[PDB]
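Here's query_26.cif, which has mmCIF, C-alpha atoms:
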```
data_final
#
loop_
_atom_site.label_atom_id
_atom_site.label_comp_id
_atom_site.auth_asym_id
_atom_site.auth_seq_id
_atom_site.Cartn_x
_atom_site.Cartn_y
_atom_site.Cartn_z
CA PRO B 149 -5.45 -1.70 19.67
CA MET B 150 -5.62 -3.75 16.49
CA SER B 151 -8.28 -1.59 14.81
CA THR B 152 -6.15 1.54 15.19
CA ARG B 153 -3.03 -0.38 14.09
CA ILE B 154 -4.74 -1.62 10.91
CA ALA B 155 -6.29 1.81 10.23
CA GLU B 156 -2.89 3.44 10.67
CA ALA B 157 -1.06 0.95 8.45
CA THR B 158 -3.61 1.54 5.69
CA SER B 159 -3.82 5.32 6.19
CA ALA B 160 -0.05 5.53 5.73
CA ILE B 161 -0.46 4.83 1.99
CA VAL B 162 -3.15 7.06 0.52
CA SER B 163 -3.18 9.55 -2.36
CA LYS B 164 -5.26 12.61 -3.16
CA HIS B 165 -6.32 14.53 -6.24
CA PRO B 166 -3.87 17.00 -7.80
CA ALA B 167 -4.57 20.71 -7.46
CA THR O 933 -14.52 -26.43 8.96
CA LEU O 934 -14.88 -22.68 8.38
CA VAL O 935 -11.33 -21.69 9.39
CA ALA O 936 -9.76 -24.35 7.14
CA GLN O 937 -11.23 -22.53 4.12
CA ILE O 938 -9.76 -19.06 4.65
CA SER O 939 -6.50 -20.03 6.34
CA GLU O 940 -3.60 -22.39 5.67
CA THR O 941 -4.50 -25.52 7.63
CA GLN O 942 -3.66 -29.18 7.05
CA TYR O 943 -7.27 -30.33 7.77
CA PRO O 944 -8.86 -31.44 4.48
CA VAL O 945 -12.54 -30.81 3.73
CA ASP O 946 -13.07 -30.42 -0.04
CA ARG O 947 -11.14 -27.07 -0.34
CA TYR O 948 -14.32 -26.17 -1.99
CA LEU O 949 -14.77 -22.58 -3.19
CA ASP O 950 -11.45 -21.21 -4.40
CA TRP O 951 -12.30 -18.82 -7.24
CA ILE O 952 -13.33 -16.10 -4.77
CA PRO O 953 -10.24 -14.06 -3.84
CA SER O 954 -8.94 -14.04 -0.28
CA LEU O 955 -5.72 -13.65 1.70
CA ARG O 956 -3.44 -15.75 3.88
CA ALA O 957 -5.25 -15.24 7.16
CA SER O 958 -3.10 -14.49 10.18
CA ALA O 959 -3.79 -15.64 13.72
CA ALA O 960 -5.44 -12.30 14.52
CA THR O 961 -7.60 -12.28 11.37
CA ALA O 962 -8.64 -15.89 11.98
CA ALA O 963 -9.40 -15.00 15.61
CA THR O 964 -11.67 -12.16 14.47
CA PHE O 965 -13.47 -14.42 11.98
CA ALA O 966 -13.82 -17.16 14.59
CA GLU O 967 -15.28 -14.64 17.05
CA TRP O 968 -17.87 -13.61 14.46
CA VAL O 969 -18.77 -17.28 13.88
CA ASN O 970 -19.04 -17.71 17.67
CA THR O 971 -21.36 -14.77 18.29
CA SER O 972 -23.43 -15.70 15.23
CA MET O 973 -24.05 -19.21 16.56
CA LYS O 974 -24.76 -17.89 20.07
CA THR O 975 -27.29 -15.42 18.65
CA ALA O 976 -28.82 -18.21 16.57
CA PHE O 977 -29.16 -20.73 19.41
CA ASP O 978 -30.13 -18.28 22.22
CA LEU O 979 -27.08 -18.47 24.46
CA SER O 980 -25.48 -15.88 26.73
CA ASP O 981 -22.76 -17.80 28.61
CA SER K 345 37.86 31.45 16.95
CA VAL K 346 34.40 29.94 17.26
CA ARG K 347 34.65 28.70 13.67
CA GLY K 348 38.11 27.15 14.13
CA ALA K 349 39.77 24.00 15.46
CA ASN K 350 43.32 22.80 16.01
CA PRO K 351 44.29 20.06 13.52
CA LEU K 352 46.61 18.40 16.06
CA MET K 353 43.71 16.99 18.11
CA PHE K 354 41.58 15.65 15.24
CA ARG K 355 42.39 11.99 15.94
CA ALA K 356 41.73 12.27 19.68
CA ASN K 357 38.45 14.11 19.23
CA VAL K 358 37.22 11.84 16.42
CA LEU K 359 37.85 8.68 18.41
CA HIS K 360 36.24 10.18 21.52
CA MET K 361 33.25 10.86 19.26
CA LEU K 362 33.41 7.20 18.19
CA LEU K 363 33.37 6.22 21.87
CA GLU K 364 30.23 8.28 22.49
CA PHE K 365 28.69 6.87 19.30
CA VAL K 366 29.21 3.35 20.64
CA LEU K 367 27.94 4.22 24.13
CA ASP K 368 24.72 5.63 22.74
CA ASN K 369 24.17 2.35 20.86
CA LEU K 370 23.90 0.15 23.95
CA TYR K 371 20.26 -0.93 23.94
CA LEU K 372 18.13 -3.94 23.11
CA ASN K 373 15.37 -4.01 20.54
CA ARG K 374 11.96 -4.72 22.09
CA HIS K 375 9.01 -6.58 20.56
CA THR K 376 6.20 -4.11 19.83
CA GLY K 377 3.41 -6.09 18.19
CA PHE K 378 2.31 -6.65 14.61
CA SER K 379 -0.72 -6.25 12.36
CA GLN K 380 -1.67 -8.32 9.32
CA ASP K 381 -1.81 -6.26 6.15
CA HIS K 382 -5.15 -5.52 4.49
CA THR K 383 -4.10 -3.51 1.48
CA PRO K 384 -2.59 -5.56 -1.39
CA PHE K 385 0.78 -3.77 -1.63
CA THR K 386 2.40 -6.65 0.27
CA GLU K 387 0.34 -9.83 0.33
CA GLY K 388 0.17 -11.58 3.70
CA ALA K 389 2.90 -9.47 5.28
CA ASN K 390 2.97 -8.68 9.00
CA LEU K 391 4.07 -5.13 9.75
CA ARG K 392 5.43 -3.85 13.05
CA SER K 393 3.59 -0.91 14.59
CA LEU U 247 33.22 0.82 49.51
CA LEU U 248 30.30 -0.06 51.79
CA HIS U 249 27.54 0.46 49.21
CA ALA U 250 28.33 1.50 45.66
CA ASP U 251 26.06 2.77 42.91
CA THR U 252 24.63 0.10 40.71
CA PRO U 253 24.85 0.53 36.93
CA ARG U 254 21.87 0.43 34.60
CA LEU U 255 22.62 -2.47 32.28
CA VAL U 256 19.29 -3.44 30.71
CA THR U 257 17.81 -0.65 28.58
CA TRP U 258 15.24 -1.24 25.86
CA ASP U 259 14.59 0.46 22.51
CA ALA U 260 11.07 0.22 21.11
CA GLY U 261 11.74 2.18 17.93
CA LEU U 262 14.00 1.07 15.10
CA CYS U 263 17.76 0.54 15.22
CA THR U 264 19.50 3.03 12.95
CA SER U 265 22.09 5.75 13.06
CA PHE U 266 22.20 7.15 9.51
CA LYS U 267 19.32 9.38 8.44
CA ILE U 268 18.62 10.78 4.98
CA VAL U 269 18.10 14.53 4.66
CA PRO U 270 17.16 16.56 1.58
CA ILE U 271 19.20 19.66 0.83
CA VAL U 272 17.84 21.47 -2.22
CA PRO U 273 14.18 21.15 -3.24
CA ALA U 274 13.45 19.58 -6.60
CA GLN U 275 11.81 21.81 -9.19
CA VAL U 276 8.30 20.37 -9.08
CA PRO U 277 6.70 23.20 -11.17
CA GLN U 278 8.69 23.18 -14.40
CA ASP U 279 7.73 23.75 -18.01
CA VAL U 280 9.34 20.86 -19.90
CA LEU U 281 7.71 18.17 -17.73
CA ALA U 282 4.12 18.56 -16.57
CA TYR U 283 3.43 18.34 -12.85
CA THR U 284 1.23 15.26 -13.33
CA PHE U 285 4.34 13.09 -13.62
CA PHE U 286 5.58 13.55 -10.08
CA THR U 287 4.36 11.50 -7.14
CA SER U 288 4.65 14.63 -4.97
CA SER U 289 1.57 16.06 -6.70
CA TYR U 290 -0.64 13.19 -5.55
CA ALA U 291 0.74 13.34 -1.96
CA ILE U 292 2.11 9.81 -2.27
CA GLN U 293 4.61 9.54 0.56
CA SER U 294 7.93 7.90 -0.28
CA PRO U 295 10.65 6.21 1.82
CA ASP H 1080 5.43 -3.29 -11.91
CA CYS H 1081 4.02 -0.96 -14.54
CA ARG H 1082 5.97 2.27 -14.82
CA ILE H 1083 4.60 5.00 -17.06
CA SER H 1084 6.99 7.21 -19.03
CA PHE H 1085 5.65 10.25 -20.83
CA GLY H 1086 6.68 10.90 -24.41
CA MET H 1087 8.60 14.10 -24.92
CA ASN H 1088 7.88 16.24 -28.00
CA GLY H 1089 4.65 14.61 -29.14
CA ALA H 1090 5.64 10.99 -28.55
CA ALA H 1091 2.98 8.76 -27.04
CA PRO H 1092 3.32 7.84 -23.35
CA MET H 1093 4.33 4.26 -22.68
CA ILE H 1094 3.77 1.69 -19.92
CA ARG H 1095 6.01 -1.30 -19.25
CA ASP H 1096 4.99 -4.84 -20.25
CA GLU H 1097 5.72 -7.79 -17.97
CA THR H 1098 8.14 -9.13 -20.59
CA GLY H 1099 10.08 -5.86 -20.51
CA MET H 1100 8.74 -4.03 -23.54
CA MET H 1101 6.96 -0.67 -23.39
CA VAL H 1102 3.75 -0.22 -25.38
CA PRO H 1103 1.62 2.85 -26.23
CA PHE H 1104 -1.91 3.28 -24.86
CA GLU H 1105 -3.63 1.08 -27.45
CA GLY H 1106 -4.93 -2.44 -27.87
CA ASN H 1107 -6.16 -5.03 -25.41
CA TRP H 1108 -4.66 -5.12 -21.91
CA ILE H 1109 -4.94 -7.45 -18.92
CA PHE H 1110 -4.61 -6.15 -15.38
CA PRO H 1111 -4.95 -7.72 -12.01
CA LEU H 1112 -7.12 -5.49 -9.87
CA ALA H 1113 -4.49 -5.12 -7.13
CA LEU H 1114 -2.36 -3.26 -9.72
CA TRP H 1115 -5.10 -0.65 -10.16
CA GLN H 1116 -5.71 -0.50 -6.40
CA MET H 1117 -2.06 0.34 -5.70
CA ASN H 1118 -2.07 3.80 -7.29
CA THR H 1119 -5.63 4.37 -8.63
CA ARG H 1120 -5.34 8.19 -8.64
CA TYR H 1121 -2.30 8.22 -10.91
CA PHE H 1122 -3.64 5.31 -12.96
CA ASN H 1123 -7.00 6.85 -13.79
CA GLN H 1124 -5.53 10.34 -14.29
CA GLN H 1125 -3.34 8.78 -16.95
CA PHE H 1126 -6.07 6.55 -18.39
CA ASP H 1127 -9.36 8.55 -18.41
CA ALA H 1128 -9.14 10.22 -21.82
CA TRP H 1129 -7.66 7.12 -23.42
CA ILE H 1130 -10.55 4.95 -22.23
CA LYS H 1131 -13.12 7.61 -23.15
CA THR H 1132 -11.85 8.36 -26.66
CA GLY H 1133 -8.92 6.18 -27.71
CA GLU H 1134 -9.12 2.53 -28.69
CA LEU H 1135 -7.88 1.29 -25.32
CA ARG H 1136 -9.59 -1.68 -23.70
CA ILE H 1137 -8.63 -3.02 -20.27
CA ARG H 1138 -9.53 -6.40 -18.80
CA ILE H 1139 -9.31 -6.20 -15.00
CA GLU H 1140 -9.20 -9.62 -13.32
CA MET H 1141 -11.21 -10.21 -10.14
CA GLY H 1142 -12.66 -13.67 -9.78
CA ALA H 1143 -15.49 -12.25 -7.67
CA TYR H 1144 -17.32 -8.93 -7.52
CA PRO H 1145 -20.74 -7.75 -6.36
CA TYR H 1146 -22.71 -5.96 -9.04
CA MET H 1147 -25.43 -3.36 -9.52
CA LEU H 1148 -27.91 -3.09 -12.39
CA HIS H 1149 -29.22 0.10 -13.98
CA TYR H 1150 -31.81 0.03 -16.75
CA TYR H 1151 -32.33 2.35 -19.70
CA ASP H 1152 -35.06 2.85 -22.27
CA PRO H 1153 -33.56 1.40 -25.48
CA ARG H 1154 -35.45 3.88 -27.68
CA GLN H 1155 -33.53 6.78 -26.10
CA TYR H 1156 -29.87 7.81 -26.04
CA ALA H 1157 -27.93 6.64 -22.99
CA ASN H 1158 -24.27 7.00 -22.02
CA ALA H 1159 -22.62 5.08 -19.18
CA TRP H 1160 -19.50 7.20 -18.68
CA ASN H 1161 -20.82 8.92 -15.55
CA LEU H 1162 -21.36 5.55 -13.88
CA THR H 1163 -18.10 4.01 -15.13
CA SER H 1164 -16.03 7.06 -14.15
CA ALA H 1165 -17.83 7.13 -10.80
CA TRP H 1166 -16.73 3.55 -10.16
CA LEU H 1167 -13.16 4.23 -11.33
CA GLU H 1168 -12.96 7.22 -9.00
CA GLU H 1169 -14.60 5.61 -5.95
CA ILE H 1170 -12.22 2.64 -6.11
CA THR H 1171 -9.54 2.91 -3.42
CA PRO H 1172 -6.63 0.79 -2.08
CA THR H 1173 -8.67 -0.65 0.80
CA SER H 1174 -12.00 -1.43 -0.91
CA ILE H 1175 -14.04 -1.37 -4.10
CA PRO H 1176 -17.64 -0.27 -4.64
CA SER H 1177 -20.19 -2.26 -6.65
#
```
Go through the file and emit its structure as structure tokens.
Amino acid sequence: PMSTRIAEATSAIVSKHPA
Amino acid sequence: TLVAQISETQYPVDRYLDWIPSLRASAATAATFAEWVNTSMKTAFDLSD
Amino acid sequence: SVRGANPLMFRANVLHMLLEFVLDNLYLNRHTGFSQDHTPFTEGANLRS
Amino acid sequence: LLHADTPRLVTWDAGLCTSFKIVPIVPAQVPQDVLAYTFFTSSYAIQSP
Amino acid sequence: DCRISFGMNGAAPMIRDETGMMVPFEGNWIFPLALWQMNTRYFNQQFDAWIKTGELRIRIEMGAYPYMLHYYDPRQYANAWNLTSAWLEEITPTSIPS
């Protein structure tokens, strides 16, 4: 579904804090 | 009138507010927005069909 | 020798490998839907999922 | 002769057409003294192509 | 594009101008907000101390934004870094807070 497709395409590019 | 603002459509009505940022709305995004407009007007005018 | 090979069959074995490499690329690409982008890395781009 | 096996012509690929992958061999020295680890995009878990 | 190079051996780190030059972390800058949204973790980890102490000023272009108002007693000391840093941390590629 489109909600999971959009959520996946925007969860591909994330970034976290360094250790 | 509402879809011609957010999307690329030939239909001219005043092109009015443009300083607010937006995006080139796809068919799916415009279909979502049009569904929200639909259910808002149905809720406003007491329809169920 | 497990670690060895005869150099006089290199051409025959390489072109048989080319034959199998062609025969595993006999398919057709299938349409698998799209989704309009919401993050501004690529504006207005439609990405295949 | 009377009834032969039919071949499977149409086959469909839903992934992406490629044959050449990229593999790393030796790991890059991400903790090193001359350059602080805040330079690298590996520290922020930014995935790269 | 804005690619940050550190300065080896005490040199100041530099970021690339649109014209092609590379400037130190001083003066008046102009960003679009999508630039900051692309890699906000790296951008604010490079820019926190320079905004807090150095003479760096950044103009981020929106057009539109919703706002939020906090009041202070003017006869008492008040610092806004906790709120400003909270906004610059809670910003993300998919959304912004107020």
Practice item. Identify all chain H residues at most 9 Å from chain U by counting all atoms listed in the file; ligands do not count. Present them as a list in words. Key: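 The complete set of qualifying residues is residues 1083, 1084, 1085, 1087, 1118, 1120, 1121, 1124 and 1125 of chain H.
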Exercise for review: Please write as a list in words the full residue list that the PyMOL selection byres ((chain O) within 8 of (chain H)) yields on this file.
Suggested key: residues 951, 952 and 953 of chain O
Practice item. Could you tell me which residues the PyMOL selection byres ((chain B) within 9 of (chain H)) returns for this structure, as a ChimeraX atom specification? Key: /B:158,161-166
Review point. Hey, what's within 10 Å of residue 371 (chain K) if we count all atoms listed in the file and toss same-chain stuff fewer than 5 positions away? As a PyMOL selection string, please?
Key: chain U and resi 255-260+263
Review point. Hey, what comes out of the PyMOL selection byres ((chain O) within 12 of (chain B)) on this file? Could you write it as number ranges by chain?
Key: O: 960-961, 963-964
Which residues of chain K come within 12 Å of chain U, and what is each one's closest atom pair and distance in Å (one decimal), counting all atoms listed in the file, sorted by chain and residue number, as JSON lines?
```
{"residue": "K:365", "atom": "CA", "partner": "U:265", "partner_atom": "CA", "distance": 9.2}
{"residue": "K:366", "atom": "CA", "partner": "U:265", "partner_atom": "CA", "distance": 10.7}
{"residue": "K:367", "atom": "CA", "partner": "U:255", "partner_atom": "CA", "distance": 11.8}
{"residue": "K:368", "atom": "CA", "partner": "U:265", "partner_atom": "CA", "distance": 10.0}
{"residue": "K:369", "atom": "CA", "partner": "U:263", "partner_atom": "CA", "distance": 8.7}
{"residue": "K:370", "atom": "CA", "partner": "U:257", "partner_atom": "CA", "distance": 7.7}
{"residue": "K:371", "atom": "CA", "partner": "U:257", "partner_atom": "CA", "distance": 5.3}
{"residue": "K:372", "atom": "CA", "partner": "U:258", "partner_atom": "CA", "distance": 4.8}
{"residue": "K:373", "atom": "CA", "partner": "U:259", "partner_atom": "CA", "distance": 4.9}
{"residue": "K:374", "atom": "CA", "partner": "U:260", "partner_atom": "CA", "distance": 5.1}
{"residue": "K:375", "atom": "CA", "partner": "U:260", "partner_atom": "CA", "distance": 7.1}
{"residue": "K:376", "atom": "CA", "partner": "U:260", "partner_atom": "CA", "distance": 6.6}
{"residue": "K:377", "atom": "CA", "partner": "U:260", "partner_atom": "CA", "distance": 10.3}
{"residue": "K:392", "atom": "CA", "partner": "U:261", "partner_atom": "CA", "distance": 10.0}
{"residue": "K:393", "atom": "CA", "partner": "U:261", "partner_atom": "CA", "distance": 9.3}
```
Practice item. Identify all chain K residues at most 10 Å from chain O by counting all atoms listed in the file; ligands do not count. Present them as JSON, numbers by chain. Key: {"K": [378, 379, 380, 381, 382, 384, 387, 388, 389, 390]}
